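Okay, so here's just one chain, in structure tokens, the form deposited in one PDB entry.
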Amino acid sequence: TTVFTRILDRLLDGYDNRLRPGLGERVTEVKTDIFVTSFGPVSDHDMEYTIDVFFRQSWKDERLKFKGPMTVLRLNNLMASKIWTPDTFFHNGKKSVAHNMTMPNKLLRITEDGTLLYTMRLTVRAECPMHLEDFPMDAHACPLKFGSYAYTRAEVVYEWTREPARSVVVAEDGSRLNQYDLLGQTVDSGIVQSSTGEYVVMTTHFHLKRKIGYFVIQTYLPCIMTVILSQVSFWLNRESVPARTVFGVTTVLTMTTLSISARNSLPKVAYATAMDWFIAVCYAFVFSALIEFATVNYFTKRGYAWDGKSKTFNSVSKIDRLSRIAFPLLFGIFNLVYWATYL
């Protein structure tokens, strides 16, 4: 241990951690890869997603070459803070967490050649701008961009450790998504210009597709059943005015309850989503069913119904007879057009 201890104390001798490797001499190349331990929940209201990663950074520092029995050293959490490391940050990050339980969730290794492997465990909240026009039948590409906050591309450049497709790895038990499926990802890199210069940006897009089953049982089925229930009024006799008025008016209140609740889960956007049109059309159908009876009642002549053993009686309305076909047919047609358009 004493022989080993001397090497460590010698390494940082005259070492300035405020200066990047090869300062004023060359560009510091950082090789990076990510292992997503759990792709956390996605929040539509906040337009953000959580992601738990093992953020691995690798680079070379000639000042940290060493010779000894071992060819790889696993440094302590304290050592990593004594040396220069890249100031990587996430461009679209909102509020990230570096885990400090029980100790700092970091690891720094050094090979004899001076190659540093540096890993940390992070929970990142990131911005994912969502265009929710096709909601809840929408797909999104949530990005994850990172780079050096302070060092321009003339000083620090980032790269992927291996092929870009094989550089972002998701754990098999990593999907922590309740309402989405992680179809895959695309890995890219580029350049971004800002007021302070040009910087290398490493980007990753996670392609997500929303699960629709929640909205079918919560929104679509009750709305469909409410529309069906509004049409069931067409099969009641025209003389039961209080019954068909209660039937139609209470179906309207059910649509209003359903329509308001569906939006409250949505973020406060100002355009019509896919679910908005379906609810609007269902609202029109239930609205038109009560207007239809208003017309039927306006032409009813006798307040009494057929007595079952025949004094004249009202005939069955021609408005009702046609509505028993037109309303189910138009709604059926609207569903084929709606579901084919978005699926």
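All residue numbers are counted from 1 along the displayed sequence. Only the largest set of C-alpha atoms that superpose within 1.5 Å between the two forms is called the rigid core.
When you step from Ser310 to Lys311 in this entry, do you jump over none, 1 to 3, 4 to 9, or 10 or more residues of the deposited sequence that have no coordinates?
The entry leaves 10 or more residues without coordinates here.
There is another form of this protein, the form deposited in another entry, and it is not shown here; the text below is about that form.
Looking between this form and the one not shown after fitting on the rigid core, I'd like to know which of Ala165, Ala154, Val192, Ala272 has a C-alpha displacement of 2 Å or more.
None of the others reach 2 Å, which leaves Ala272.
By the 2 angstroms cut-off, has the C-alpha of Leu182 moved between this form and the one not shown once the rigid core is superposed?
Comparing forms between this form and the one not shown, the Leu182 CA shifts below 2 Å.
Kindly check if the Cα atom of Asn76 is displaced 2 angstroms or more between this form and the one not shown relative to the superposed rigid core.
Result for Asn76: yes, a 2 Å-plus shift.
Answer yes if the Cα of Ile260 shifts by 2 angstroms or more between this form and the one not shown on a rigid-core superposition, and no otherwise.
Comparing forms between this form and the one not shown, the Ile260 CA shifts at least 2 Å.
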